[PDB]
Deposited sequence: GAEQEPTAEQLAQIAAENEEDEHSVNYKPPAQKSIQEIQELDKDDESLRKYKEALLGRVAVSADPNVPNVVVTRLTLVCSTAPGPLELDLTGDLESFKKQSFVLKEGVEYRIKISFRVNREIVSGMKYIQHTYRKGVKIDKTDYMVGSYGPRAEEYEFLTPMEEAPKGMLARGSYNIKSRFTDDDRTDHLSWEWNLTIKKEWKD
């Protein structure tokens, strides 16, 4: 339908985030304890890093569809102009298994509880919320990969067509790292 889009749509702790804390503040607690220093080094690790408040802490680079079948690789480059995703739509073949892979850089401090929330709409009716806990990471030069658990695209006569997506990243602090909309289209086959 277009109406009963709202029935389909009807298919929808508390942890509390830590008091805020800086990496420098972290490195100074129990500075005496050699096992605890090493623990920090294993996680942070062997120092040294950037720190000028000016750069953002987290920068997300690409969101990529991993899926054996697929004939092209499918990617949103999120360094370029996010504005212009409103002007193109990606096909995803109905009924396929996929994972989503997110690359990002952490610069300066710990991201605590980074997640990716994704709202999916059709004919102005929100039909899915989804979020993947990407988790906690400390700053380093080399970027991070993160794969979501395996999922399958939907299928059937209804499921085929055009969806409107609002994605964002946030964390347990509510930092607004990134937001954008894009379009998706579900077809019998792949484009390429």
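Absence of C-alpha coordinates is noted for several segments of the deposited sequence, namely 1-6, 19-24.
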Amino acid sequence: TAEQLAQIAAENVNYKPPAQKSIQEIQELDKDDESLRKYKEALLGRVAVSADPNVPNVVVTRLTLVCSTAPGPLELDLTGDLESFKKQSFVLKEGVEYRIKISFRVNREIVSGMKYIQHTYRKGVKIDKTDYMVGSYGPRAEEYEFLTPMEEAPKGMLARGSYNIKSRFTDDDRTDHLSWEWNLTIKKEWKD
From here on, numbers count along this sequence of modelled residues.
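In this entry, 155-163 shows the higher mean Cα temperature factor of the pair 155-163 and 133-141. As the entry records it, the average C-alpha temperature factor is higher for 49-57, out of 143-151 and 49-57. Across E181, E11, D176, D173, the greatest Cα temperature factor reported in the deposited entry is at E11. Ranked within its chain, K31 lands in the highest third, by CA B factor from the PDB record.
Residue-level temperature factors show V91 in the middle third of its chain, judged at the C-alpha atom. In this PDB entry, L76 carries a Cα temperature factor that places it within the middle third of its chain's modelled residues.
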